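Quick notes on the structure that follows.
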Amino acid sequence: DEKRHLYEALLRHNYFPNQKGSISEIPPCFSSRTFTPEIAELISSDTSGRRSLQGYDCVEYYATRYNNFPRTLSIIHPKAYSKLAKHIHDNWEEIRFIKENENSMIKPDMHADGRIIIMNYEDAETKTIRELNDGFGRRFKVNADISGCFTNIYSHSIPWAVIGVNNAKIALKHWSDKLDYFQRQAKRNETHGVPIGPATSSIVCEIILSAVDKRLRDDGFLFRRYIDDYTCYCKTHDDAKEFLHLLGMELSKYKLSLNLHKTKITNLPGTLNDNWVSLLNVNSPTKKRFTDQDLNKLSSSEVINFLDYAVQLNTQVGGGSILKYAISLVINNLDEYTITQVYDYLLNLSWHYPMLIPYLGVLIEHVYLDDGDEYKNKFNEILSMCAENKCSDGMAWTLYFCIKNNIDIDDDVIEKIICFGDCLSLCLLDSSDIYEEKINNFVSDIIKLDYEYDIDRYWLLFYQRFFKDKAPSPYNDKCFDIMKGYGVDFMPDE
Amino acid sequence: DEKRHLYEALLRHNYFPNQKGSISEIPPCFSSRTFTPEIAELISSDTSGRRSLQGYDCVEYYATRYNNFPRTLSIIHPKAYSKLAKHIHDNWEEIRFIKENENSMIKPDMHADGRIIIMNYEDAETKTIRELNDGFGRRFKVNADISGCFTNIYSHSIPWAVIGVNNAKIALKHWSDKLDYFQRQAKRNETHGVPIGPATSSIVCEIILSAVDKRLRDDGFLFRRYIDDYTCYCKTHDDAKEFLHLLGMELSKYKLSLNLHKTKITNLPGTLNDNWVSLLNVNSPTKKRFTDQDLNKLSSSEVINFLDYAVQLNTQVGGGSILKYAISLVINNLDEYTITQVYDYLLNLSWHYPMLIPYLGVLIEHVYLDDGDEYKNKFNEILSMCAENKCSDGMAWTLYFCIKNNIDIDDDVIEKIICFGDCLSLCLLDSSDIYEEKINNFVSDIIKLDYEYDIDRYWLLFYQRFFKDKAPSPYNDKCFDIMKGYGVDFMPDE
Amino acid sequence: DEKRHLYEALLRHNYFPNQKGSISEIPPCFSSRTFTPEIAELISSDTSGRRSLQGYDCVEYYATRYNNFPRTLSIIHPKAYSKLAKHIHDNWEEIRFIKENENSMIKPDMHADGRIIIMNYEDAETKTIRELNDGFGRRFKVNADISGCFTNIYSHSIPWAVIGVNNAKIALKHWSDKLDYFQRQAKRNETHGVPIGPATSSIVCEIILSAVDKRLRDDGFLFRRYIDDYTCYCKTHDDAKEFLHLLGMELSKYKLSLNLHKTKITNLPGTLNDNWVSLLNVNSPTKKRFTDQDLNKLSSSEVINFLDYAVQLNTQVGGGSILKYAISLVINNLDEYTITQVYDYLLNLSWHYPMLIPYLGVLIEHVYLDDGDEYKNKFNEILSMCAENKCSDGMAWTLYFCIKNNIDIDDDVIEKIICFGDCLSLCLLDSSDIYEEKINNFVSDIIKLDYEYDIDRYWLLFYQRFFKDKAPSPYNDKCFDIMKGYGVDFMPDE
DNA sequence: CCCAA
DNA sequence: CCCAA
DNA sequence: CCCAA
């Protein structure tokens with residue numbers, strides 16, 4: 001069923017930020033499964049407890065981009081998220097028009113693994129044919145980015161996209177207003193912004209932007225929207241300017257604005273991908289298959305020189321995730337002679353760029369990690385860099401590697417982890433049970449601060465300690481008790 | 001025999017512009033065969049008919065270059081061309097000194113297919129050895145282009161190249177003066193310019209430039225001439241300047257001038273080809289043979305990324321036919337999975353660059369052209385672009401593909417084809433017999449205009465309608481009747 | 001034994017400049033073998049003879065770099081070199097601390113072929129792991145070159161590096177002062193500069209720079225020294241500036257200075273090699289092994305286009321020996337169809353860049369050198385270029401090829417060789433015995449000039465003529481008689 | 001692997 | 001195929 | 001080999 005798959009996607013698969021295709025932003029030890037729709041129904045049915053503050057804060061997870069710029073993913077508190085997901089499920093007949101939006105490529109869709117939101121799920125076949133069909137006969141390409149699609153989207157504009165702005169103003173119940181209310185409750189009862197990473201906020205953004213897509217489609221524009229990025233194909237240059245103008249009016253109707261720095265008009269034919277993508281693939285040592293596995297095994301010189309050229313392209317161009325693309329090109333065609341060289345190169349690049357840290361888990365088995373403790377020092381230096389740069393993705397993945405592979409962590413970097421206080425990193429540290437007293441001191445400071453949003457920012461740590469009977473429930477409601485009684489575990493075993 | 005091969009080359013093979021090596025400028029449905037030297041002798045023997053105007057105009061065929069710049073190829077009227085080819089044949093003993101010109105690479109030569117003029121016929125072996133032998137010991141390379149070798153060459157300078165300028169001035173019969181007269185009669189009795197594409201004008205240009213080559217050779221210069229482009233290899237820089245000066249005086253002796261924008265002096269060692277050629281071949285996915293056909297079959301990612309890199313190189317460098325070179329690199333190593341992707345990419349690039357249109361005939365069989373009529377819309381949009389940009393090569397090749405592969409053509413683009421009025425495109429439209437009344441209206445307008453040059457500009461259309469008994473002969477001479485009686489057909493069946 | 005291997009390395013293997021890894025700076029017909037430590041002991045024991053001048057001059061050998069910049073290698077006179085090598089051997093216990101210097105990569109080391117100094121002997125395994133371990137956790141790379149490590153190194157600073165500057169000043173016997181004296185006697189009793197190429201001067205430079213390396217190491221700096229080039233890896237930018245400052249003080253302590261033009265600070269991660277190295281290897285047609293020899297045989301188009309791209313990279317970047325790297329990439333994977341093309345390309349590039357001349361010996365057998373005498377003209381034009389540009393490496397290698405392969409040399413270029421008067425080229429000319437009277441006139445001019453340094457600059461030519469009984473010994477000592485009596489030959493047969 | 005320092 | 005939006 | 005002049 002579409003409805004049941006939507007419910008299980010919202011809670012069991014796309015609650016945590018898990019929208020990436022190949023490697024996740026979060027280590028795989030964190031999983032939102034065993035959090036079923038029945039449990040969320042029981043949470044939403046709970047009315048006990050008193051909150052001094054209005055709304056709920058969320059666990060914040062800082063993941064670096066390719067330019068080391070932090071992006072704040074969020075894990076919503078399960079009470080507010082359960083209510084929001086239940087309301088989205090209950091009115092899915094009125095919401096599912098976002099599925100039949102041909103212009104939006106990244107939208108809800110029934111996937112095999114159980115998700116609804118997967119970025120870049122479509123294959124290169126249909127992708128290539130689609131951009132060649134859209135770009136045919138047109139000599140201008142328009143790239144326009146919404147400035148604040150996650151950070152300043154208007155929750156009160158959720159009705160305005162559904163029934164119209166004027167009709168929603170006269171009408172002030174409808175499901176869109178309740179969706180607005182629950183989306184506000186997801187983040188501290190704040191009217192602006194949505195948590196990045198869950199599919200509920202992606203559904204809300206699709207609902208808001210579907211009216212803009214419909215208005216642009218009714219004017220005859222050929223365009224594709226990936227989340228907030230619009231790519232339009234225009235026969236003439238005034239058509240590009242008119243698309244930009246009409247998109248500006250349609251975004252300003254819902255209190256949104258184009259990123260004036262990011263919008264650009266290029267001459268077709270450009271490239272189907274970015275230019276660095278073709279530069280990398282045309283220089284890839286693994287670009288041709290041989291159908292025998294011994295032939296397509298890369299040597300040391302090939303991979304080392306290709307990664308050096310990738311660093312050259314990242315410095316010179318820097319138009320995207322060049323290093324991650326090249327590493328994913330060469331990481332699966334390695335032989336056992338060259339594992340140490342590529343692994344040390346990945347260690348250096350991962351110290352410089354934390355987004356390359358998860359690739360260390362690809363070759364984490366072949367590398368003799370005991371050795372002469374040099375790898376322990378390198379991993380702890382990576383942890384120091386992650387604590388200094390305040391990035392949660394690299395620290396979480398490195399801590400996952402150290403816990404799984406029994407790499408020892410010094411006390412000095414544990415002090416830096418507590419000073420940073422990333423919720424997922426502290427969840428991993430609590431799951432190791434070595435550092436119980438420091439986690440206890442941290443959560444005691446959070447409790448004695450008596451701020452409800454401070455507890456909400458570490459609800460996952462508090463629930464992981466409560467579920468293992470290491471700490472009482474910080475809240476006075478029954479949501480944590482309901483989740484513990486039905487065996488909800490966000491750090492499950494295999 | 002050299003003489004008979006020359007005659008049959010001039011009339012049966014190199015009458016139409018057919019000097020290209022791999023793919024012709026004209027679709028293969030047009031052929032100058034079945035136009036034998038005996039028929040041209042009979043045409044030249046004909047003296048009947050009266051012309052109000054002096055000379056003959058020619059069919060004009062606008063072929064795009066790599067930068068979309070139009071180049072006007074010309075098909076000479078068969079009366080003037082027959083007289084010109086007969087005069088060139090009859091005095092071939094006095095003309096054939098252009099064969100023994102070592103500096104001119106593109107010159108008449110007895111070829112297997114029957115032509116005398118084929119551009120770049122020589123193999124990479126002798127080419128590579130020749131530019132390495134010429135460039136050895138020299139540190140300067142001079143590239144100097146004649147500005148108007150086709151557009152402002154002096155017909156009265158045809159005697160001046162043969163017997164000398166002063167001796168030809170005192171002499172004012174000689175065969176060079178009659179060659180001048182027939183070359184003038186080839187284009188409207190105009191003293192300046194030669195029709196591009198036939199080998200008669202190439203022979204005339206070789207005759208004129210052979211004296212310049214002899215004067216440069218007698219001074220000890222090591223140089224190579226490709227049509228109008230001079231490439232000289234010099235030990236010192238003053239030798240380069242002295243070559244430029246002496247070439248300027250030798251060209252000004254025959255009322256020619258160097259293209260001052262195009263001339264340049266580069267430092268040896270450069271590259272044997274252009275720099276983009278080596279950039280393409282060093283990045284080519286097909287650059288290495290494997291001797292088994294399954295191994296050297298390119299995947300989708302390889303060809304798509306190589307063509308994206310080719311578009312990048314065409315935008316960034318633009319020093320030559322980059323896209324045509326890369327397409328010819330990858331078009332013969334395609335598997336049946338990737339035919340649709342590469343064909344759609346070629347359709348887009350061919351809409352943007354009409355010179356890539358003939359490559360659509362390489363994969364015209366494997367593509368399911370019926371489908372859902374999308375390919376029909378794409379071909380008609382290409383026809384619209386060709387009508388708007390006023391290019392005859394792309395329109396002629398697209399019309400050939402549509403007629404051969406039964407792609408339907410709307411009336412709206414037929415209006416644009418009649419508005420453009422390309423002679424070869426209208427020949428194809430008349431050969432389809434669907435659009436008889438519109439072609440009849442067009443030729444009725446040409447007849448009622450009563451301009452002899454206007455009839456000469458569409459002589460091929462008029463003769464194709466006369467040969468199929470769809471229209472009477474527009475002329476009053478017996479040339480068309482002679483060609484019809486001996487079964488001359490410029491649109492023959494296989 | 002380490003001591004005996006050091007002695008035989010200093011005299012039999014690393015007397016001549018033979019520090020290169022793959023191809024030597026000197027043709028292999030020159031060999032310093034059959035010059036044993038016993039013979040050098042006998043030379044140093046000799047006290048006969050009188051010298052008007054103090055010290056000895058050395059044979060000068062001008063080898064081009066990648067930018068055609070001459071570098072003066074030197075072959076020390078065997079009396080001064082024998083004394084210097086004997087003194088270095090006799091106190092090797094006090095000198096061998098330069099072996100245990102971890103920061104210096106190019107240092108004395110017991111090698112299989114008998115040398116102690118081989119540049120870049122270490123494999124890519126340990127090299128790659130070492131630069132990845134050193135560059136981990138650091139974001140700045142410092143490249144600082146000593147300006148005059150060969151040309152203005154202070155011989156009187158040899159004690160200052162050993163016992164300290166102040167202690168050596170108070171002390172004014174010690175072995176360092178005698179090493180200073182013998183190093184001065186090696187080059188004309190001059191206090192500044194060392195002869196480039198022998199391992200004795202490399203040992204002296206290592207002795208001087210070992211104190212600087214120790215002072216930089218005791219401050220906690222992570223750095224690597226290749227001859228005169230320092231590469232330091234720093235966590236912060238002030239650490240880079242502090243390394244530069246401390247290295248400046250440590251060099252100024254021994255009257256050395258940094259090359260202020262060459263020093264630079266780059267951002268890690270850069271590339272393990274230079275950027276052009278990865279650009280060449282990522283574009284190399286031979287970069288992947290196939291384990292069957294027929295598959296990894298390069299075609300003509302592959303090598304020709306790769307060498308054209310290499311010339312493009314050498315012109316555009318010019319950061320190192322790009323052409324030599326690419327030629328060594330493609331010279332060992334050639335098939336017999338493409339030998340002529342690559343050989344002519346190498347002939348052109350070797351005329352333009354004499355450092356590529358030794359590669360002509362790789363394919364000197366497969367090329368039909370008799371032919372139509374064109375290769376003779378090309379080799380003599382290369383000899384003319386070498387005489388004009390005053391380069392000894394290209395002339396010596398070309399003369400070796402002409403003598404070995406019986407390529408005739410005209411008298412006109414022999415005049416240019418005598419006018420240049422390179423000692424090794426004249427040694428080869430004397431070893432051919434064709435040009436005996438011209439070599440006799442040259443050495444008669446040197447003798448009648450009555451300058452002892454002029455005889456010392458051609459001591460190798462004088463000894464080669466004396467050993468073959470073609471001329472008497474120019475000196476009045478017994479060193480040449482000792483070398484002749486024990487069969488020392490610097491041009492030995494196989 | 002293949003250069004140079 | 002392999003990124004990101 | 002594969003373009004253009």
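Just so it is clear: chains get the letters A, B, ... in the order the sequence lines come, proteins before strands, and each one is counted from 1. Note that these values count all heavy atoms, side chains included, but never hydrogens, waters or copies made by symmetry.
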Nucleotide nearest [X] when distance is taken to its side chain, options [options]:
X: C:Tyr325; options: D:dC3, E:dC3, F:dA5; result: D:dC3
X: C:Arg71; options: D:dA4, D:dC1, F:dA5; result: D:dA4
X: C:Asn273; options: D:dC3, E:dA5, F:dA5; result: D:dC3
X: C:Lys324; options: D:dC3, E:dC3, F:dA4; result: D:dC3
X: C:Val277; options: E:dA5, D:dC3, D:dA5; result: D:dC3

Using a heavy-atom cut-off of under 4.0 Å over every strand shown, decide if [X] touches base, sugar-phosphate, or nothing.
X: B:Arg65; answer: sugar-phosphate
X: B:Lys262; answer: nothing
X: A:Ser328; answer: base
X: C:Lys287; answer: nothing
X: B:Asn120; answer: base
X: A:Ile106; answer: base

Under 4.0 Å between a side-chain N or O of [X] and OP1 or OP2 of [N]?
X: A:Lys127; N: E:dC2; result: no
X: B:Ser300; N: E:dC1; result: yes
X: A:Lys20; N: E:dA5; result: yes
X: C:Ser22; N: D:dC3; result: yes

May I have the distance from [X] (atom [atom1]) to [N] (atom [atom2]), rounded to whole angstrom?
X: A:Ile327; N: E:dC1; atom1: CD1; atom2: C1'; value: 16 Å
X: B:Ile196; N: F:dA5; atom1: CD1; atom2: P; value: 10 Å
X: B:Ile117; N: F:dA4; atom1: CD1; atom2: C1'; value: 15 Å
X: A:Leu334; N: E:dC2; atom1: CG; atom2: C1'; value: 14 Å
X: A:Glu131; N: E:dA4; atom1: CD; atom2: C1'; value: 12 Å
X: B:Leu329; N: F:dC2; atom1: CG; atom2: P; value: 9 Å
X: A:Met119; N: E:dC1; atom1: CE; atom2: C1'; value: 16 Å
X: C:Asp274; N: D:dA4; atom1: CG; atom2: P; value: 11 Å

Any residue meeting ring-ring contact (aromatic ring centres under 6.0 Å, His included) with B:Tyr337, in chain and number order, not counting sequence neighbours: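 With neighbours one apart ignored, the set is empty.
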Beyond-backbone contact of A:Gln341 with A:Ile304, side-chain heavy atoms, under 4.5 angstrom: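 Yes, close enough: below the 4.5 Å cut-off.
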What I want to find out is whether A:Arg225 reaches A:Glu206 closely enough, with some N-O distance under 4.0 Å, to be called a salt bridge.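 Yes, A:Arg225 and A:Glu206 are salt-bridged.
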Would a distance-only check, ignoring hydrogens and angles, find a side-chain to backbone donor-acceptor pair under 3.5 Å from C:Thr128 to C:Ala124?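 Present.
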Please compare A:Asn281 and A:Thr231 by the position of their nearest nucleotide in DNA chain E and report the one closer to 5'.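 By nearest-heavy-atom nucleotide position, the 5'-most residue is A:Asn281.
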A:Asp123 vs A:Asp228, nearer the 5' end of DNA chain E by closest nucleotide: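 Whichever sits nearer the 5' end wins; that is A:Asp123.
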Can you see which heavy atom on B:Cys149 is nearest to which on B:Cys205, and at what distance?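 That closest heavy-atom pairing would be O-SG, 3.4 Å.
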Run the side chain to side chain donor-acceptor pair (under 3.5 Å) test against C:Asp145 and tell me which residues pass, sequence neighbours left out.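 Partners of C:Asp145 by the side chain to side chain donor-acceptor pair (under 3.5 Å) criterion come out as none, since no residue qualifies.
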